[PDB]
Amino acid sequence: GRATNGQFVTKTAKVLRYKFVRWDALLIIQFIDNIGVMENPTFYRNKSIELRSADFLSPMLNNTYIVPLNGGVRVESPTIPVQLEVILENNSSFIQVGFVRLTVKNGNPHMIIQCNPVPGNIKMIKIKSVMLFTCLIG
């Protein structure tokens, strides 16, 4: 069909907006807050989905950051790689290939974000990529 709007909301009430398409056993879902743009004819700007410490579960093990969500859809997605920028508490930052999934636990959707080791605690993760998940239902 045509693309339907939706959103998830984080623990700190951040709204993550998306559009989706739901066919037979298929759900395709794109996050739409950070679609990058050419702002003039020579410059491309990435936009970030910004996720702070307070959006993650504690304790964090093995560079796995879990973002409990409310609302939206309940899918076991595949893993997608993304561009991350991981900001440490001392404001240093590392660009990384991150790996993201949507999973369901206790009937709730969670975003799983895995990245590499950093020399410090993380203040914030920015997803700089446009994320789209193709998912199989049932």
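Residue indices: 1-based, along the sequence shown.
Averaged over Cα atoms, the B-factor as recorded in the entry is higher for 52-60 than for the other of 108-116 and 52-60. When the two stretches 77-85 and 22-30 are set side by side, the higher mean Cα temperature factor goes to 22-30.
Per the deposited record, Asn91 carries the highest C-alpha B-factor of all listed residues (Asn91, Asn46, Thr103, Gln96). Placement of the Cα temperature factor of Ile122 within the chain: highest third of the modelled residues, per the deposited record. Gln7: CA B factor lies in the middle third for its chain, per the PDB record.
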